[PDB]
Structure formats: structure tokens, C-alpha cells
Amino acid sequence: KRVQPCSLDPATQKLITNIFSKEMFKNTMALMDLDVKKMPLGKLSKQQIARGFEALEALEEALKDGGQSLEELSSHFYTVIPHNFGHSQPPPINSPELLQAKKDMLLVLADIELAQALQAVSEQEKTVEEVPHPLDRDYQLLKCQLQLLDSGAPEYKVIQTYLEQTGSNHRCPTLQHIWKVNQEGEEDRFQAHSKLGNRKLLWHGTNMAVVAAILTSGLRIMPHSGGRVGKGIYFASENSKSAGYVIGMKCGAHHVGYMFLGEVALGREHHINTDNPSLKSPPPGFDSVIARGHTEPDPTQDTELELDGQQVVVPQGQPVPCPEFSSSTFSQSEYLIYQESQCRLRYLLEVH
């Protein structure tokens, strides 16, 4: 069989290599204390991950009788999801904090399986005399359009300014590339909230392990997912806040990482200043919940982008003190929506 030449540019080739890298996945599983030998990448199954959540639920039930002890229930979760702790006795999941930690860990592992199941070779490919370059194939598996922007791009500078003004003044994240994300299947559903104004291009820092899944399914509100503002999709107006979630891998000397810029239909905003991990939707009449931080990218420096005939607000100024929320429980703002349809992936950034 002939292997057709790759039609991807260096940047997009590098990207597609990283986000499907089996070494990158194993690294992530190792960073989560998971036994990579007892749980090989090719062994990951939706069934196993489900059995894991079942164990987490029954354990959650025992945290809220004559049932099963926490020490005993925990021991079963580690039987289904093999952990690596230098061959010592694993920790008992006896706290709500540790409980959600394992849920978050399984959710990430769930997106690792999604990428694996996605790469599955179908019969259609096996009955063709010519195959695409491995990278083209992977790129096509995402069913998502990635157009690399340049310096001469209109929205490039807006994004670059947005990045440098809301990033950490010292540990500056270096912009390398910007991709225009056209996830096909996100426009149709996003046209629902086309009558809904108040749009803002917000940050979403993600670890490299779920980048493929996000490019394939978009930002999702998974079961067992949570946080300080409940069960929704988390965003940030400050790059620095999102970057704290960007877990990247080494590359010779640099620390590669990826961030998303999403067009969020905020509509009527319900402002809170206190953690509320029970939220599953905004209060009646509201379309989004916003955790106002002690600071906010100077609203007077906001600019607007024209995306698909829509005016989208894009912050451009440094964080300024917000006295009205000076004693808030959030240092930085956390934007929330509680239905996936309100988010539209717009740009993918590669930072160093």
C-alpha cells in the first residue's frame, strides 16, 4: 500500500502528533498514579471506566446503615482501577475532596480511551490500496477543521494582546501558534443561542490528554463532573487562571501546552461571590453564573470581534481591582454555563 504525502504544515503536524502521542497518554496516567503496566493504553475500556465510577458512587453513598467500610470500598476501586504507589497500601478515599479527585482522574482517563477508540482502524481503511499519511489520518479522525493563523491575521493580535494582558506578569506564557477551530457540528446547535446576546471569548486551560477529545466532542458537561461553581463548563477571563489547569509535557527544553478560546453565550449573568458546588444550572431567568474575582481584565479596554456576524467581547486590558467583590471567595473570575450548546470552540493556542 502506498502512503500518501502529508498535507499538513509543520505546526499542525506537531500538534496532531502531540495530542495523539501514546507516550503523552502514558505520562498523564503516570502523573495520576495509575499502574501503566496493569492498565496498558490498549486495554482501556469504557466498561472498566464505568465499573470505576460505580465504585466511586457506592463510595460516595457511604460518605453521605450497616453497609461496607470506607477502607473496604476503597480497596475495590483500586482493584478496578490499578494504582501505582511503590507497591504500598493505597490511601482510603475517606474525604469528599479525595472523592472528586478520583472522579476528575477517571474523567481524564475517559478522554484517553476516547482517543484510543477513535484511532481504531476500520475495515474501510483496510480495503484501500492507498493510506493517508499517519498524521492526515489522525487529523481526519477529529472531524474538526484546524486553520493555522498568521501574524497578518485580523484576530491574531487581539488574541495575543488578550494573552499577554491577562497572563502572569512574571511566568509569561509564550504564544507559538494559533489555530482557528471549526468543529463541524457545533455551528448548527450554537445557532440556537443566536438570539442570545452578551458574548465573550473566554479561556479554557486543558491538559494535553483530553485535547483530542475536546476537538472531537467539544467542551462537555460530564456526569460526576464538579467544581467550585457546580456541574457546568468552566471558563476564565484571565489567561493566568486558565493556565493553572494546563498540564503539558517536556520537549527538549520547552514546556508545551494547549489552551482553548471559546465563544460563550453568557446572556443574563447571575453573579455570585461564594462557592456553590451544588449548582447544576443558573437561577431562573439567568443563562450563566459568574464567580466574580477580586480582579477583572479592565472592562473599559474591551474590544469586539466579528465572528459569524456576531459581536464577541474580547478583553484586552490588565486585571484591575474590583472593590465590589474585594472580599469574594474567588481571586479570579470563573465563568459558568450549564448547557454545552452555549459554547463554541473558536481558537486553539500552543503556548511555551
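Throughout, we count residues from 1 along the sequence that is shown. By rigid core we mean the largest C-alpha set that fits within 1.5 Å across both forms.
Segment of greater CA departure in 8 other deposited structures of this protein, 264-272 or 247-255, core superposed: Stretch with the higher C-alpha RMS distance in 8 other deposited structures of this protein: 247-255.
Per the PDB record, is the mean Cα temperature factor higher over 223-231 or over 183-191? The deposited B-factors put 183-191 ahead on the C-alpha mean.
Between 239-247 and 170-178, name whichever shows the higher mean Cα B factor according to the PDB entry. Between 239-247 and 170-178, it is 170-178.
Highest recorded C-alpha temperature factor, please, choosing from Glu296, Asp65, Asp287, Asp35. By C-alpha B-factor in the record, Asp65 ranks first.
Selection from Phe85, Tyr78, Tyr258, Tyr156 [criterion: highest C-alpha temperature factor in the record]: The C-alpha B-factor peaks, among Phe85, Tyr78, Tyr258, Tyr156, at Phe85.
Grab the CA temperature factor for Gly197 from the record and place it in the lowest, middle or highest third of its chain. Top third by C-alpha B-factor.
Just say lowest, middle or highest third for the CA B-factor of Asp111 relative to the other modelled residues in its chain. It belongs to the lowest third of the chain when residues are ordered by C-alpha B-factor.
Considering only modelled residues of the same chain, in which third does the CA B-factor of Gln140 rank: lowest, middle or highest? Middle third of the chain for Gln140's C-alpha B-factor.
Among all modelled residues of this chain, ranked by Cα B factor, put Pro277 in the bottom, middle or top third, i.e. lowest, middle or highest. It belongs to the middle third of the chain when residues are ordered by C-alpha B-factor.
Among the modelled residues of this chain, does the Cα B factor of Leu59 put it in the lowest, middle or highest third? It belongs to the highest third of the chain when residues are ordered by C-alpha B-factor.
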